[PDB]
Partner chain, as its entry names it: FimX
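Next comes just one chain, in structure tokens: the form solved without its partner chain.
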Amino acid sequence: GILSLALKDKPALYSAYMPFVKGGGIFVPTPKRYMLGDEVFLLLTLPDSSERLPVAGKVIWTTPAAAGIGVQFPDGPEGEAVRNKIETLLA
């Protein structure tokens, strides 16, 4: 299914965001069984706007508990927009 994450404030976004992942990435809490390598339809709400950012991400890792997955943003212009919006907010 669609995966959603809403970040409440900048500290939360800072804790979630993984700038070291190529293309940018984010940790997303979920108990759902995503497998490594799967494509994931993520809807991200950032603290500064009601607007949901859709991203076709890739599962790059999983953690148990919260339980969740690391999601890598796509390398091209689709990914860079979400990456840029996050970086602007964290500046």
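Positions refer to the first chain, counted from 1.
The same protein also exists as the form solved in complex with its partner chain; that form is not shown, yet it is the one meant from here on.
S.K.: Although its partner chain is absent from this view, report whether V82 comes within 4.5 Å of it in the deposited bound form, heavy atoms only.
M.R.: Output for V82 is no: heavy atoms all beyond 4.5 Å of its partner chain.
S.K.: Although its partner chain is absent from this view, report whether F41 comes within 4.5 Å of it in the deposited bound form, heavy atoms only.
M.R.: No, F41 sits far enough from its partner chain in the deposited bound form that none of its heavy atoms falls within 4.5 Å.
S.K.: Hey, in the deposited bound form, does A91 get a heavy atom within 4.5 angstroms of its partner chain?
M.R.: Close contact exists here: in the deposited bound form, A91 approaches its partner chain to within 4.5 Å, heavy atoms only.
S.K.: Any chance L53 has a heavy atom within 4.5 Å of its partner chain in the deposited bound form?
M.R.: The answer is no: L53 has no heavy atom within 4.5 Å of its partner chain.
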